[PDB]
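Down below is the structure, laid out as structure tokens.
Each ligand, and each atom within it, is numbered from 1 in the order the structure gives. Atom set for the values below is all heavy atoms of this structure, side chains included, hydrogens, waters and symmetry mates excluded. For the single chain, residues carry numbers from 1 onward in sequence order.
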Amino acid sequence: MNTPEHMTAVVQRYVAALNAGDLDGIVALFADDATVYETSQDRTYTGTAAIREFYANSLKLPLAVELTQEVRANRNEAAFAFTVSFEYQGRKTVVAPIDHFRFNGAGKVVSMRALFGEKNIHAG
Ligand SMILES: C[C@H](CCC(=O)O)[C@H]1CC[C@H]2[C@@H]3CC[C@@H]4C[C@H](O)CC[C@]4(C)[C@H]3C[C@H](O)[C@]12C
């Protein structure tokens, strides 16, 4: 089962888990054979182990994450605008991505795509 209210809740849980460095909580949102794609290095992580390794690397620094607009959710997809704030290269940094989730019929994320460019990196 997969509704727009459920997909919105999942986006909220994802943001909350990033904020809490809750690695198990992040990975639990994904299907066993899900893909995560990140535009920065143009890499695709397929399946639980690769996804967990990606988020473990991504949590090495404490993250402050928040939605900056309403989630867009319909049928089997959700997209959202947000910020990730952290200390990097000795300065506070804010990255403003848009992510897209596709869900399977069971309400698990089967595909994730994260998109941000150089112009979406901001000093603190
Ligand atoms: C985890 C978020 C967002 C994940 C998502 O898009 O949903 C992303 C957004 C910005 C990303 C960081 C930007 C700077 C760094 C780039 C490195 O080469 C890998 C580690 C760092 C520290 C990255 C870690 C991680 O990948 C972040 C914090």
Side chain to side chain contact (heavy atoms under 4.5 Å, CB included) test vs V11 passes for just one of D99, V109, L67, namely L67
Taking the six-membered ring for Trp, are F80 and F101 parallel (under 30°), tilted (30 to 60°) or perpendicular (over 60°)? perpendicular
When distances are taken from atom 16 (C) of ligand 1, the protein heavy atom at minimum range is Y88 OH, 4.1 Å
Closest heavy-atom approach to atom 3 (C) of ligand 1 among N120, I98, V84 is made by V84
For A114, the atoms of ligand 1 under 4.0 Å from one of its heavy atoms are 6 (O)
the protein heavy atom lying closest to atom 18 (O) of ligand 1 turns out to be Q41 NE2, 4.2 Å
**OP:** State whether the side chain of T93 and the backbone N or O of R91 hold a donor-acceptor pair below 3.5 Å, judged by distance alone.
**Re:** yes
**Report entry** Any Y55 heavy atom less than 4.0 Å to ligand 1
**Finding:** no
Item checked: Within 6.0 angstrom of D32 CG, more than 12 heavy atoms from elsewhere -> no
Contact region, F82 to ligand 1, non-hydrogen atoms below 4.0 Å, reads side chain
Atom 7 (O) of ligand 1 has as its nearest protein heavy atom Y14 OH, 2.5 Å
Requested in this report: Check whether any side-chain N or O of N19 sits under 3.5 Å from a backbone N or O of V65 as a donor-acceptor pair, and report yes or no.
Outcome: yes
Checking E38, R52, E53 against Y45 for side chain to side chain contact (heavy atoms under 4.5 Å, CB included), the one that qualifies is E38
Is atom 20 (C) of ligand 1 close to the protein, meaning a heavy atom under 4.0 Å from it?
no
the protein heavy atom lying closest to atom 12 (C) of ligand 1 turns out to be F86 CZ, 4.0 Å
Any donor-acceptor N/O pair, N57 side chain to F54 backbone, under 3.5 Å: no
If you scan protein heavy atoms around atom 26 (O) of ligand 1, the nearest is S58 OG, 3.4 Å
